[PDB]
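> these chains are from a complex, not moved at all, and more is on the way:
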Amino acid sequence: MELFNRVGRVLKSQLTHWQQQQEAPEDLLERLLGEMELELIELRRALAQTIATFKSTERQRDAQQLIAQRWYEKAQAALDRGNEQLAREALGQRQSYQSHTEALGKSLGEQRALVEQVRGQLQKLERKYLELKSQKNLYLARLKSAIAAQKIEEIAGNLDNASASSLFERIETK
Amino acid sequence: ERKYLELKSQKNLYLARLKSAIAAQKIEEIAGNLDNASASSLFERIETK
Amino acid sequence: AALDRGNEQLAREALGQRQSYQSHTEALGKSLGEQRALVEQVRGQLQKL
């Protein structure tokens, strides 16, 4: 097909490596792990975005509790002389401010466990990627060494069996 | 409007959660293909050779 | 830094981590026992060949 011939340069280059892949996986293996490194630099930034959002929620709690303290200060201006009457309203507001503060604080307890578990998930996974890089480097060495060994056995078998019998039996008959 | 403010906080944290989950999905799926497909190809093809 | 004065409390966590570090160290050391035998046998294979 003319279409096939047109596609031939791109397809047959890949297939020429495809038959080679037993000798040469290196490019496809490192391409995939390169993509895995491109992901993993995202995964670390996504962890940093989660930590940033967790403590920003906590900074909003820091503001809520600061306004609760501002409600205690306004109470303190009436908590002497027995004039605590206005403390009724001031602490009445602070009760709602404490409820949001502890809603934040307990959300921030789950968000804590999230940043801890995601850090442990990452540190296990990326350490496994590091050791898997070590294994891959050692696997390309093993593969090339096996290939070389195969070449010594096969060339040695042709050298001894084909060449040497040709030497001994042809020299003897002559 | 205070609910809108806290909902903005949640949305920002939800986009972070979503992107982080997506990344996690990519590590599991690429790790499963790396260990299962690649490693069996390494061990069983090296052993047979 | 906590194994004097009877303050070894923190040694609980510190050695708790070291236990996982020793497991990877001895996993490496025993992989490196096979990798030893590989470099020895490949050297003998080569020197014969």
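Looks like it came in fine. Numbering: from 1, shown residues only, chains lettered A, B, ... in the order given.

> Can you name the residues that contact whichever residue of chain A sits closest to chain C?
Here chain A gets closest to chain C at one residue, residue A:152, 5.3 Å apart by C-beta to the nearest C-beta. Where C-beta positions appear, they are placed from N, C-alpha and C, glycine not excepted. Contacts were defined as C-beta atoms under 8 Å, 6 or more residues apart in numbering or on different chains; by that measure residue A:152 touches residue C:49.

> What helix or strand is it located in?
Here residue A:152, judged by DSSP states H and E, is contained in helix A:87-157.

> just the angle between that helix and helix C:11-48, please?
Using axes from the mean of the first three to the mean of the last three C-alpha atoms, to 10 degrees, the inter-axis angle of helix A:87-157 relative to helix C:11-48 is 10 degrees.

> Now find how far off-centre helix A:87-157 is within its chain.
Centre-to-centre, helix A:87-157 and its host chain are 6 Å apart (C-alpha atoms, centre = their mean, to the nearest Å).

> Could you do stretch A:79-92 as well?
From the chain centre to the centre of stretch A:79-92 is a distance of 56 Å (C-alpha atoms, centre = their mean).

> Not counting its own residues, what contacts that stretch?
A:71, A:72, A:74, A:75, A:77, A:78.

> Can you give me the buried ones in it?
Buried residues in stretch A:79-92, counted by 16 or more other C-beta atoms under 10 Å in any protein chain shown: A:79, A:87, A:90, A:91.

> and the third one, how far is that from residue A:81?
Read that as residue A:90. Between residue A:90 and residue A:81 the distance is 15 Å, computed by C-beta to C-beta, to the nearest Å.

> tack on chain D:
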Amino acid sequence: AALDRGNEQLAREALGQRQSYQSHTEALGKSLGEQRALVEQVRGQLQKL
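The block that follows adds chain D to the chains above:
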């Protein structure tokens, strides 16, 4: 300047700093133990070669 008259109070901070200075000094000194062995072994490598 504070180790006489029992005025050693300021020695708390002064030796508190020196502790960090000694740690870097002995980090250097033990790096310089390896760097010693490097200059010795490289000198023996050269003189043989």
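
> The contacts of residue A:152 again please, chain D included this time.
residue C:49.

> now do the one 10 residues further on
By C-beta under 8 Å, 6+ apart, the contact set of residue A:162 is empty.

> Next, count neighbours for residue A:19.
Using other C-beta atoms under 10 Å in any protein chain shown, residue A:19 has 9 other residues around it.

> An error on my part: the question was meant for residue A:54.
Neighbours of residue A:54 under the rule other C-beta under 10 Å: 19.

> The one 10 residues further on too?
A count of nearby residues for residue A:64, using other C-beta under 10 Å, gives 20.

> Not counting its neighbours along the chain, what's nearest it?
residue A:101 (4.5 Å; C-beta to C-beta, 6 or more residues apart in numbering or on different chains).

> these two touch, right, the one you found and residue A:61?
Yes: with contacts counted by C-beta atoms under 8 Å, residue A:101 reaches residue A:61, the gap being 5.6 Å.

> Can you tell me the centre-most residue of chain A?
When C-alpha atoms, centre = their mean is applied to chain A, the residue found nearest the centroid is residue A:40 (3.6 Å).

> Now it: closest residue in space, sequence neighbours ignored.
Nearest one to residue A:40, counting by C-beta to C-beta, 6+ apart, is residue A:126 at 6.1 Å.

> Touching stretch A:48-65 from outside, list them.
Counting by C-beta under 8 Å, 6+ apart, A:97, A:100-101, A:104-105, A:107-108, A:111-112, A:114-115, A:118, B:9, B:12-13, B:16-17, B:19-20 sit against stretch A:48-65.

> let's bring in chain E now:
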Amino acid sequence: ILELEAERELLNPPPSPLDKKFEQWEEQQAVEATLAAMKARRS
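Chain E now in position relative to the chains above:
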């Protein structure tokens, strides 16, 4: 700042009260060694 702190907690273990007290005792032991030198010269 939180983004900078995410790199802080990558470069730096959380300074818990435990290691903080150990470092304080280290300073205490440095001064206790200076005191030992003081009273040994005074002997």
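
> once more on the contacts of stretch A:48-65, with chain E this time?
A:97, A:100-101, A:104-105, A:107-108, A:111-112, A:114-115, A:118, B:9, B:12-13, B:16-17, B:19-20, E:2-3, E:5-7, E:9.

> In ChimeraX, how would I select just the buried ones from those residues?
Listed next is the ChimeraX selection for buried residues among the contacts of stretch A:48-65, using 16+ other C-beta under 10 Å:
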select /A:97,100,101,104,107,108,111,114,115,118 /B:9,13,16,17,19,20 /E:2,6
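
> ok, which residues in chain A are in contact with chain E?
Applying C-beta under 8 Å from any C-beta of the partner chain, we find that chain A lies next to chain E at A:47, A:48, A:51, A:52, A:55, A:56.

> Mind doing that once more with 10 Å?
Counting by C-beta under 10 Å from any C-beta of the partner chain, the residues of chain A close to chain E are A:44-45, A:47-56, A:58-59, A:115, A:119.

> For the residues you listed, name the two members farthest from one another.
Maximum pairwise distance among these (C-beta to C-beta): 22.4 Å, between A:44 and A:59.

> Next, work out how far apart residue A:74 and chain E are.
30 Å (C-beta to the nearest C-beta, to the nearest Å).

> Contacts only, for the most centrally placed residue in chain E.
Nearest residue to the geometric centre of chain E (C-alpha atoms, centre = their mean): residue E:23, 2.2 Å. Applying C-beta atoms under 10 Å, 6 or more residues apart in numbering or on different chains, we find residue E:23 in contact with C:1, D:16, D:19, D:20, E:15.

> can you count the residues close to residue E:33?
11.

> so how far is residue D:6 from it?
17 Å.

> And residue E:26, by the same measure?
Going from residue E:26 to residue D:6 by C-beta to C-beta gives 23 Å.
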